[PDB]
Structure formats: C-alpha cells, structure tokens
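To start, the structure itself, in structure tokens.
Note that each Cβ is placed from the backbone with ideal geometry, even for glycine, and that neighbours are counted across all protein chains shown. None of the figures in this text is laboratory data; all of them are computed from the coordinates on show.
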C-alpha cells in the first residue's frame, strides 16, 4: 500500500472517507486513515 500523493493535511475521524474517495480516485481499493493522522491508499 502507499500514502496518498494527492491527499494533504492530518487525517482524523472526519478524513477516513476522504481517503476512501482520494484513493479510489487514484484507482486503489480505498484509503485507510492512520493512527498518525495520515492517509494511506490501499492497493499499492
């Protein structure tokens, strides 16, 4: 998996879906948020 390259900011309980969409956009499985308020994209 990788970290989004288009998402930016922290990622908290209100940014997970954001990951879902941004990671979907790139064309991955979905974005998963990290305990380190980060946005991963899954399917990398």
| Distance (nanometres) between label positions extended 7 Å along Cα→Cβ at residue 30 and residue 6 | 1.8 nm
| What angle do you read, to the nearest 10 degrees and between 0 and 90, between the alpha-carbon axis of helix 16-26 and the longest principal axis of the chain? | 30 degrees
| query | Mean residue ellipticity at 222 nm from the helices of the chain, using -39,500 (n - 2.57) per DSSP H segment of n ≥ 4 over the full residue count, to the nearest 500 deg cm²/dmol? | reply | -7500 deg cm²/dmol
| task | Could you check the simple spin-label distance between residue 17 and residue 44, using points 7 Å along Cα→Cβ, in nm with one decimal? | result | 2.3 nm
| Quick one: which of 18-30, 1-13 comes out on top by average Cβ neighbours within 10 Å, and what's the full order, highest first? | 18-30, 1-13
| Can you pull the semi-axes for the chain, root of five times each eigenvalue of the Cα gyration tensor, sorted largest first, whole Å? | 15, 9, 8
